[PDB]
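Everything below concerns the one structure shown next.
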Number of protein chains: 2
Amino acid sequence: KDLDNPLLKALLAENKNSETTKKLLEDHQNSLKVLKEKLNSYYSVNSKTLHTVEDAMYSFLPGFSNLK
Amino acid sequence: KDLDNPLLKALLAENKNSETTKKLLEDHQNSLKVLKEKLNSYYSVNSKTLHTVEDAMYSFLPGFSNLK
């Protein structure tokens, strides 16, 4: 909600030469990537009885693994 | 809240962003004052506009008064 505000878009359009603001924008994108990576890392750790079902689909398609 | 967003305030804290902030947020402050006055006078203006609409609703059609 914060990064998609119309005021932010208007400010970005008004000052194209915003390298100082561009640094903050890239910092925000890095925070985006870090948060998404952490959220996904909270997933690809463990599984359940779904492993037996998963083994059924790795046999018919050789060379396939790590379905998340 | 969008105007008072802490991230937007941090972006505001820039000098080159402050001039475009000057323009955009003086316009925004005028708009906020206008909308606050609109909320304050909403009841007052609705009765007056309703009276004008009723006057125009039955003005040039013969007969037809007291539309309720």
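All residue names refer to the structure tokens as shown: chains lettered A, B, ... in order, residues numbered from 1 in each chain, ligands numbered from 1 in order.
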
Show me, as a Markdown table, the residues of chain B having an atom within 12 Å of chain A, each with the closest atom pair and its distance in Å, using only C-alpha atoms.
| residue | atom | partner | partner_atom | distance |
| --- | --- | --- | --- | --- |
| B:1 | CA | A:2 | CA | 10.1 |
| B:2 | CA | A:5 | CA | 7.6 |
| B:3 | CA | A:7 | CA | 8.4 |
| B:4 | CA | A:2 | CA | 11.1 |
| B:5 | CA | A:2 | CA | 7.8 |
| B:6 | CA | A:2 | CA | 9.7 |
| B:7 | CA | A:2 | CA | 7.9 |
| B:8 | CA | A:8 | CA | 7.7 |
| B:9 | CA | A:8 | CA | 11.0 |
| B:10 | CA | A:24 | CA | 9.6 |
| B:11 | CA | A:21 | CA | 7.2 |
| B:12 | CA | A:11 | CA | 9.6 |
| B:13 | CA | A:21 | CA | 10.4 |
| B:14 | CA | A:21 | CA | 8.0 |
| B:15 | CA | A:20 | CA | 9.9 |
| B:16 | CA | A:18 | CA | 8.1 |
| B:17 | CA | A:11 | CA | 7.6 |
| B:18 | CA | A:11 | CA | 10.0 |
| B:19 | CA | A:15 | CA | 10.0 |
| B:20 | CA | A:11 | CA | 6.9 |
| B:21 | CA | A:11 | CA | 7.7 |
| B:22 | CA | A:11 | CA | 11.0 |
| B:23 | CA | A:11 | CA | 10.3 |
| B:24 | CA | A:11 | CA | 8.1 |
| B:25 | CA | A:7 | CA | 9.4 |
| B:27 | CA | A:7 | CA | 11.6 |
| B:28 | CA | A:7 | CA | 9.7 |

DSSP helix (DSSP H, G or I) residues within range 5-64 of chain A, as a ChimeraX atom specification: /A:6-14,19-41,50-60

After fitting chain A to chain B over every Cα pair taken in order, the RMSD: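 In short, the RMSD is 10.2 Å.
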
CA of residue 51 in chain B to CA of residue 63 in chain B, straight-line distance in Å: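 CA of residue 63 in chain B sits 17.8 Å away from CA of residue 51 in chain B.
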
Which neighbours of residue 54 in chain A fall inside 10 Å, counting only C-alpha atoms, when residues of the same chain fewer than 5 positions from it are skipped, and could you give them as a PDB file with C-alpha atoms, in the first residue's frame?
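New file part-v3.pdb:
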ATOM      1  CA  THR A  49       2.980 -37.639   4.652  1.00  0.00           C
ATOM      2  CA  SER A  59       9.271 -41.547 -11.105  1.00  0.00           C
ATOM      3  CA  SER A  65      13.040 -32.976  -7.855  1.00  0.00           C
ATOM      4  CA  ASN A  66      12.330 -30.377  -5.161  1.00  0.00           C
ATOM      5  CA  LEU A  67       8.681 -29.521  -5.830  1.00  0.00           C
TER       6      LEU A  67
END

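Taking CA of residue 50 in chain A and CA of residue 68 in chain A as the two end points, the separation is 11.4 Å.
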